[PDB]
């Protein structure tokens, strides 16, 4: 007799949660500008 | 926010960079004068996504920021 199949699954796998980092105030317009300069030719700062 | 920072660098060699001034002004002005985000959370969203797609769509990416937003706006309220 033989086996039905070879099932797969996680193995010694790890993960790190990263829920932080946000903007406000200037980000409102920053997004627009950033995109304009990012799409125009390249970033600027 | 204590220990904050606004400046970025004192390397003013390219004029294109200075444009950040006019652009930023046009943004805040259009955002304060017509705060769509305050009118409808969905409106601002659609305008953003479209504003980004309308910027890459055209090949004249070297166009005035006034056209980018202008087109992105009128396009948002297009039939």
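Data overview
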read-out	value
Fraction of the pair-distance distribution of the protein assembly as shown above 19 Å, Cα-Cα pairs, percent	60 percent
For chain B: span of alpha carbons on each principal axis (Å, largest first)	46, 36, 18
Translational diffusion coefficient (Stokes-Einstein; Kirkwood radius from C-alpha pairs) of chain A at 4 °C, 1.567 mPa s, in µm²/s	82 µm²/s
Mean separation of Cα contacts under 8 Å, 6 or more apart, over the residue count of chain B: relative contact order %	25 percent
Rounded Å value of the spacing that divides the Cα centres of chain A and segment B:24-79	24 Å
Sites residue A:43 and residue A:17, calculated FRET efficiency, Cβ-Cβ separation with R0 35 Å, nearest 0.05	0.75
Cα long-axis angle, helix B:15-33 against chain B (0 to 90 degrees, to the nearest 10)	50 degrees
Folded to 0 to 90 degrees: helix B:41-56 orientation relative to chain B principal axis, Cα	70 degrees
Helix A:27-40 vs. chain A, principal-axis angle (Cα, 0 to 90°, nearest 10)	90 degrees
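For neighbour counting, all protein chains shown are included, and Cβ atoms are generated from backbone atoms with ideal geometry for every residue, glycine included. Throughout, read-outs are computed from the coordinates displayed, never taken from laboratory work.
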